[PDB]
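Undergrad: please work out how this folds:
(3 chains, ligands or ions: 6)
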Amino acid sequence: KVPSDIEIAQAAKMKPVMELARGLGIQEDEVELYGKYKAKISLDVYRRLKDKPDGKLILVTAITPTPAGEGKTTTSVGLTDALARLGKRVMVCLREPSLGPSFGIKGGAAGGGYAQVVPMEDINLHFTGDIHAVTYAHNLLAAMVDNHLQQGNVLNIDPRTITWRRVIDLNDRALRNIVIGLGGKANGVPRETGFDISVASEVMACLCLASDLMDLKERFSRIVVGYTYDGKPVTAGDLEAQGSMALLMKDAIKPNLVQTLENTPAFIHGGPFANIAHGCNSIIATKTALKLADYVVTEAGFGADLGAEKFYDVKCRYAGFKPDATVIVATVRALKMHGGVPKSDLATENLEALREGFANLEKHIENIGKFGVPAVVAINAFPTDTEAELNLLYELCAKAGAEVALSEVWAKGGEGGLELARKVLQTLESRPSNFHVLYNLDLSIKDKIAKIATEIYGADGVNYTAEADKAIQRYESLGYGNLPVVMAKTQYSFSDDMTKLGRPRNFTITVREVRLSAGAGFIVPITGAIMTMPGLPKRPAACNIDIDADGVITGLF
Amino acid sequence: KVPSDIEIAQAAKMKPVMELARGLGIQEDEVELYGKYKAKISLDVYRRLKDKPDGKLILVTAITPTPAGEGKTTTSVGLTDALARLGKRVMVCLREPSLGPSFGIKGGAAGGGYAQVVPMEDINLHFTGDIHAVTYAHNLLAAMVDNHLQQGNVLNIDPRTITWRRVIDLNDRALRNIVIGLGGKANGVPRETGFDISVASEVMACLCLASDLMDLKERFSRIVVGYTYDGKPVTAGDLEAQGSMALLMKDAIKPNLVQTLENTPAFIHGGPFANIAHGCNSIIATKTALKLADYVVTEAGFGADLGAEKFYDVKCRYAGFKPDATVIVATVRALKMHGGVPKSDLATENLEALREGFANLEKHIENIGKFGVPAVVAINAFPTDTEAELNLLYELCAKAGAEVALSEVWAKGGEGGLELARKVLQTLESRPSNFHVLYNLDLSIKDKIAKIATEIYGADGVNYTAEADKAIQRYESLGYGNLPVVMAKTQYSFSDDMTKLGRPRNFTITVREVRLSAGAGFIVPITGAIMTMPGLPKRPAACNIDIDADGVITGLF
Amino acid sequence: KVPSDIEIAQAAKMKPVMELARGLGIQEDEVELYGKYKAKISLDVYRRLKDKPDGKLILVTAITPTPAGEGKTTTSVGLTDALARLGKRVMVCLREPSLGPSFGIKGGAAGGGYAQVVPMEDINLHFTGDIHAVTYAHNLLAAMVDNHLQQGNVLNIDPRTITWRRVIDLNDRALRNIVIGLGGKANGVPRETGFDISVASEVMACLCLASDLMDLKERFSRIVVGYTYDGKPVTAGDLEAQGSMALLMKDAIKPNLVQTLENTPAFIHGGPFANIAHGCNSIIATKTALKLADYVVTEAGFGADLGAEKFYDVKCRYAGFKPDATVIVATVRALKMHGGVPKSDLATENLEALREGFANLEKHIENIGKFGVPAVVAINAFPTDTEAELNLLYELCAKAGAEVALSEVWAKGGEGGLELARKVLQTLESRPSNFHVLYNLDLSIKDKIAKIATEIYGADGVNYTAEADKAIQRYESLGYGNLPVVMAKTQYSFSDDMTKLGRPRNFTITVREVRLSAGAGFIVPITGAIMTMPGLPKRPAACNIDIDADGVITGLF
Ligand SMILES: Nc1ncnc2c1ncn2[C@@H]1O[C@H](COP(=O)(O)OP(=O)(O)O)[C@@H](O)[C@H]1O
Ligand SMILES: Nc1ncnc2c1ncn2[C@@H]1O[C@H](COP(=O)(O)OP(=O)(O)O)[C@@H](O)[C@H]1O
Ligand SMILES: Nc1ncnc2c1ncn2[C@@H]1O[C@H](COP(=O)(O)OP(=O)(O)O)[C@@H](O)[C@H]1O
Ligand SMILES: [Mg+2]
Ligand SMILES: [Mg+2]
Ligand SMILES: [Mg+2]
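TA: Numbering: from 1, shown residues only, chains lettered A, B, ... in the order given. Ligands and ions are numbered 1, 2, ... in the order given. Shown next is the protein structure:
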């Protein structure tokens, strides 16, 4: 009865975004078309509107996901469309989907059913070339580092201490660990290295936290690539790369204006994952939106223990933002998995499993409450959620003493979210927010890690491999102790162990390796077995993907 | 009717070699036993006998071989035993068999049937530890080069120009091309390198050309391992390795006294291949023998185009030796292959194929004639050679105007070689020898290569990959232009192409790569597709090899 | 001014070992000579003497070492000469020194000063070629594995699960992690691997545990080299290598007779280190010696936490030995270090530091107690040791209630060990032992690791990496949980952290990898950061090593 997401999105009727742009106080000459239905907005907009009030910032987070994902994006789009249908001047900010997973298992990040962002197949693929620009600035610097070595290694880099990897925006497990520079003296210096997925690039991180291009250029210059034989850092600015890198990012800095199925305006800009990067769209896109709309709905990657924590502690911190509300996306199907139902068994009514699994939602609620921001739960109704299940979960959130609304936006568009949209509005004028960060920058890297570990995931404490201890020692002694922490861990549990479902108790977080993002300005401790480059499944989506003589596309989702 | 070679050799009745040693003017205290049946002889022997006359030097060479090999060793042992049975004070000098091929396809190098050197399984395996000492001196230096790099690379070596490889005395194709030094800064410097088979080591080459240990130590020091960033050679003596290397060779320098099935004394010492190294036993062993015997029978590796040429042009040249006679080993089965008979078809009478194939023998004859040394052909009779075939070949050598004798030594021991033994003796007192080298040291590396290429193999000229041209340029400009040439090429043809049987005409030798043995004092141009490390077959001999509770050994050959 | 080890040892006055052997009732035809002064003794000696009575077994162990070593070997030899000088029929059993450390930092393992085993230079270099025999059996198995991958990978081995490594008897850090099999389809199958030092070989383990050559062979056949794609184990037996592996071991299996400076007989057989391997000489040498002497002195590598532990729990367990007494070697310098004094200062008087550092020795004393064997402390006097220092320690070991004797065997030979020899004799007359193992084979792998960590090292618990977890579970599931355990762990601490000196408290062991030795018959958990292939220092002893034209050796120590 509901057709495939690509059928829906190829049948969308879109407004010219030059219109939407003008319907928002954006001058004809601050728009740069990419066809009729996509544009980039000048940063002169936010500059000229510098001293004007902000609208209401709404974050959308979720519970602990299955591989299918639980509907933040779908919801965020839905919520925005619903608010438009109560006549509000609203905008949704989102992340650009990584190209890789569209050919893997997760698919794109445009939403679902009647809550989608269109032109969906442009959004999921090349979109407007932002990720490509990140990839080329990133890999440019890498080429220059390798050329430095070849051209007599003037700065005396120890090639075996180079942390700068390369990137490609595909799921390519064969490029995790590689030796390059082979073939003899004409062909470079042999060394061990590898690729991360482009969206996890520090270059993207910079895009996402910078305020303008000149700042991006300054940040690029601070990026640390390796170390000399006697341990002194070597930066991109030592290698004089920041100018070219910036040049390659000349258009990528400007955010992108698309729209929803119901013609509501949308910014898409930046796309770092939350398990392996900071999980928010650009600061640039959200500060702009907030000068142009009254309500700005925005998403953080994966669960509340990842994206929400990072949204609050890194992005909101660097931006000045004060979230007004937070929506917590929950599903019956996932809360059931969390209570012991097998993945292949999730479409079957199971009410006990929804009482048991609830622990998960409960901790996410408690954790958001910790930031001082009023929450609403949103029940994302799935095709096969039953009558009782949907009734029980509702009652558990009110019994839990927390705002809640059913959301039928997947199946019904914005009018699936009016209930939800009111409750959020109710929240805005009734419970003001009192946001504050989880931790002060002061603290040791190790104390900061322990605050997240215990306050958010609920472990007893934090294990450190000796490689981690050295790295941290090195980062504190060089004067980067102040930076905040972007944790890498599995999205599938509060723990660093992906098998531990629900609210797991009495465990340890094992920090394997610690990275320094001197340009983005944060520290990345890698926990558990998480990789910074994902792989493809037995049957990649790519095998079912196609296009025809008419431009009809199948298998994209 | 003839039992397996290992049955024969385990049933040998051996004299105590301390006896044989004394039966030769060797003092009780110049012998170092390794059991009753193997010893090492002091170099004080040759030193004290410095100014005493030499005996007659007899070389044993052959035609172009099949994979089975054509019987030089078997013959050399046979010839020696036959001469003993005409009451002569004779000794045979041979090469130590490489361990690797005993587990591969060729097997050992102790001889065959009733012409063998015993204790055969000691000779084929660890023998007296000479090859192990080469391997450890060689790999010691390699370890020190790698440690130099790790310890701050004081001499400024460009690790990508290191020519020093590692060695192991096995047929291990997986170690041809390897990257080592991986795992990060605590674990070395990544680089591309590999292993050659121990018997092809420059360290062995040195053993084989040195006169005493102090000379070996001096030669070790001249070995060139790599080059600095600005192209200056780096030597083992720069790295101060020659003392330890020499130390590891303290016993390996002394030659080994074993004996034949018929109790005739034997020296075994050094074992470089002839296709990929210089193909002679040590100078040390042959100069000693020649002070202790009246007739000294000695072997050069593979065909006359390889071993004989190198025996004359490198060893005899550096030693002073003047070969008195040369025996050319020929077989019907091989001359048949050379005339177009498939390998799986060689046990079947084929007289036309023996007239056609003869071209091969004819060129080897002409080539030896070129050195000014009187030749006898030896027909090594194989179990299935027919009556007519053996008759025809005889007549072709006399018709060819060249001395010839049937040799039944494989099946009958020394009394299979009396005919042969007389003809050689006939030769000694009737046709004096007038040996002289093929070329003067003066010449360019390139002229020297062309002399061998055209005079010996019969190609039109010599191709050079650009890598070869650079290397040669580098070796001439550093002042190693004078050194002689040890060619690497296939044993299976006069050409550098192994498929070209018989006397192939109008072809080119392609020199792929050129190596410098500054310690051994020669240049090694690698031609065709020949590797310096061989591989194992589909079913390695090793699968049929065993020993039992009694020490009965099967499958060694 | 005791002359350097090498001057003493070259100046030695030895007896032919043939005499030495007759005086133990070994027959002429059971001795196989390697010079006048080395032999290999037939396994027939032990066999024929099977039902005769065993002598007293005495273990020599030590406290936690400095890098230079605290004198176990120096003491084992001394003790043995000292016993002989008390008119006792006594034999020392030692391990063949690994070759690489002669060129490294540690040096050889022939003893020191006037307590050495001889001929030193041989004993430390190629000796009788046992290690080479190990090296070639191990590396032929590795060559056959790679060849199998090349010839169709018929057994379906997953090349990336291959645990079998290569070996070489050098300190080569560049061979730790390597990529082999490169160069294309003719040159093998690319894979990650590396080299361990030859003495840490499973082949070495088997030699050290086996009873005869047919036993060795059977052990070989059961060695697991890696796994199929679906997880089945693959053995040397499946590849039919055990036959050829045994051939190469035909002589390695027989133990070696040498002697001390004072001409006491000596067995030297098997070389395994105690940090990365099982750290005792062969059962063969020990059990044989127990038939020929009334007293058999024998050493375990590094400290009691490694060597003694393993001697007791795997050697004695498998051999049916019940050790009779145990010497703990201790020095002022090592104890001073343990009480905080920096290495560069261990020459200088500091009674206080020695008092605090006593903690180390105390724990080792306690630990030996848990085995049921009476102990004597041997205080091995160094030239730097002051009067009051040797007195304090003596008084401390007495107050601690331990039998103690000052030892001057380094400087005085066997007559400097009479007091020590006296105390040992005293212990054997009055105080029988009630030897018991530390754990049963019934226990699980983690049970047995936790006992050794807990009761011996004084660890609070053990941590496992995911990979360690998996390998343990793999081994239990496959039928090997029953095996005893040979921990790999730093020698420099009771902990797995090499800087935690004295008697570290409240620490945990971390197991990062678990090897299976299915043919030796034990399990090897690797802990902390310890590598199974060591490195060469800033300045190798190699650089200082030399031999002259007279055969006068310098630098070897
Ligand atoms: N209520 C729903 N019913 C069915 N499918 C849904 C629903 N909500 C989302 N989906 C689909 O499941 C996937 C997960 O939704 P998405 O918004 O991408 O979640 P998230 O952003 O949390 O990963 C997408 O394919 C989406 O189209
Ligand atoms: N006349 C013969 N009949 C049968 N087999 C022989 C004969 N001569 C040699 N062989 C065997 O064939 C192989 C080649 O002989 P060998 O002396 O090793 O030749 P080369 O030294 O030229 O390689 C050896 O296995 C040898 O025992
Ligand atoms: N009492 C001593 N005085 C001086 N040097 C010694 C003494 N005892 C041993 N040494 C030397 O110190 C090193 C370590 O002795 P060693 O017996 O090898 O101890 P271990 O066997 O425990 O390593 C050797 O070089 C040895 O000759
Ligand atoms: Mg999403
Ligand atoms: Mg031969
Ligand atoms: Mg020792």
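Undergrad: neighbours around residue A:372, how many?
TA: Close neighbours of residue A:372, defined as other C-beta atoms under 10 Å in any protein chain shown, add up to 14. C-beta here means a position set from N, CA and C on the backbone, and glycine is covered the same way.
Undergrad: where's it relative to residue A:453, distance?
TA: According to C-beta to C-beta, to the nearest Å, residue A:372 stands 21 Å off from residue A:453.
Undergrad: neighbours of residue A:334, just the number please.
TA: Residue neighbour count, defined by other C-beta under 10 Å, stands at 28 for residue A:334.
Undergrad: likewise the one 5 residues further on?
TA: Other residues near residue A:339 come to 20 when the count uses other C-beta under 10 Å.
Undergrad: so it: helix, strand or coil?
TA: coil (DSSP: H, G, I helix; E, B strand; the rest coil).
Undergrad: what residues does it make contact with?
TA: By C-beta atoms under 8 Å, 6 or more residues apart in numbering or on different chains, the residues touching residue A:339 are A:350, A:352, A:353, A:354, A:355, A:356, A:357, A:358, A:502.
Undergrad: which residue packs closest to the residue in chain A that ligand 1 sits nearest to, ignoring adjacent ones?
TA: With C-beta to the nearest ligand atom as the measure, residue A:112 is the residue of chain A nearest to ligand 1, at 2.1 Å. Once its chain neighbours are removed from consideration, residue A:112 has its nearest residue in residue A:74; the separation is 4.0 Å (C-beta to C-beta, 6 or more residues apart in numbering or on different chains).
Undergrad: quick check: closest non-adjacent residue to the residue lying farthest from the centre of chain A.
TA: With C-alpha atoms, centre = their mean as the measure, chain A has its most outlying C-alpha, relative to the mean C-alpha position, at residue A:185: 41.9 Å. Of all residues beyond its chain neighbours, the one nearest residue A:185 is residue B:160 (4.6 Å), with distances taken as C-beta to C-beta, 6+ apart.
Undergrad: contacting residues for the one you found?
TA: When contacts are counted by C-beta under 8 Å, 6+ apart, residue B:160 is found next to A:184, A:185, A:189, A:190, B:191, B:192.
Undergrad: name the nearest of these relative to residue C:434.
TA: For residue C:434, the nearest member of these is residue B:191. The distance, counting by C-beta to C-beta, is 56.6 Å.
Undergrad: what bridges to that closest one?
TA: residue B:180 (DSSP bridges).
Undergrad: quick one: secondary structure of the closest residue to chain B within the stretch 351-500 of chain A?
TA: Closest to chain B within the stretch 351-500 of chain A is residue A:467: 9.3 Å, counting by C-beta to the nearest C-beta. Three-state assignment for residue A:467 (three-state DSSP): helix.
Undergrad: filter the contacts of residue A:339 down to the buried ones and express that as a PyMOL selection.
TA: Selecting just the buried residues from these in PyMOL takes one command, with 16 or more other C-beta atoms under 10 Å in any protein chain shown as the test:
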select buried, chain A and resi 350+353+354+356+357+358+502
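Undergrad: out of the contacts of residue A:339, who's near ligand 6?
TA: With C-beta under 5 Å from the ion as the criterion, no member of the contacts of residue A:339 is in contact with ligand 6.
Undergrad: return the subset of the contacts of residue A:339 lying in strands.
TA: If you go by DSSP state E, these have nothing in strands.
Undergrad: how near is the residue of chain A closest to ligand 1 to ligand 4?
TA: Residue A:112 sits 10 Å away from ligand 4, taking C-beta to the ion, to the nearest Å as the criterion.
Undergrad: who is that residue paired with across the strands?
TA: Beta-bridge pairing of residue A:112 under DSSP bridges involves residue A:115.
Undergrad: so which residue is dead centre in chain A?
TA: Residue closest to the average C-alpha location in chain A (C-alpha atoms, centre = their mean): residue A:279, at 2.5 Å.
Undergrad: what comes into contact with the host helix or strand of residue A:219?
TA: Take DSSP states H and E as the rule and residue A:219 turns out to sit in helix A:213-222. With C-beta under 8 Å, 6+ apart as the contact definition, helix A:213-222 has outside contacts at A:43, A:137, A:141, A:203, A:206-207, A:209-210, A:235-237, A:241-243, A:245-246, A:249-250, A:253, A:518-521.
Undergrad: what's the biggest strand in chain A, counting residues?
TA: What stands out as the longest strand in chain A, according to DSSP E, is strand A:508-517.
Undergrad: around chain C, pick out the residues from the stretch 51-200 of chain A.
TA: residue A:179 (C-beta under 8 Å from any C-beta of the partner chain).
Undergrad: wait, what's in contact with the residue of the stretch 1-150 of chain A found nearest ligand 2?
TA: The shortest separation between the stretch 1-150 of chain A and ligand 2 is 47.9 Å, found at residue A:150 (distances taken as C-beta to the nearest ligand atom). For residue A:150, the contact set (C-beta under 8 Å, 6+ apart) comprises A:188, A:189.
Undergrad: tally of neighbours for the residue of the stretch 351-500 of chain A found nearest ligand 2?
TA: Of the residues in the stretch 351-500 of chain A, the one nearest ligand 2 is residue A:467, at a distance of 54.9 Å by C-beta to the nearest ligand atom. Counted with other C-beta under 10 Å, the neighbours of residue A:467 add up to 15.
Undergrad: just checking, it touches residue A:512?
TA: Yes. Contact criterion C-beta atoms under 8 Å: residue A:467 and residue A:512 qualify, at 7.3 Å.
Undergrad: quick check: the residue of chain A closest to ligand 1 vs residue A:348, distance?
TA: Shown here: residue A:112 relative to residue A:348, a distance of 22 Å by C-beta to C-beta.
Undergrad: the contacts of helix A:213-222 in strands, which ones?
TA: Assigned to strands by DSSP E, the following of the contacts of helix A:213-222 qualify: residue A:235.
Undergrad: helix or strand: which one has the closest residue to residue A:346 other than its chain neighbours?
TA: Spatially, and ignoring its direct neighbours in sequence, residue A:346 is nearest to residue A:333 (4.9 Å; C-beta to C-beta, 6+ apart). Applying DSSP H and E as the criterion places residue A:333 in helix A:332-337.
Undergrad: sounds good, over and out.
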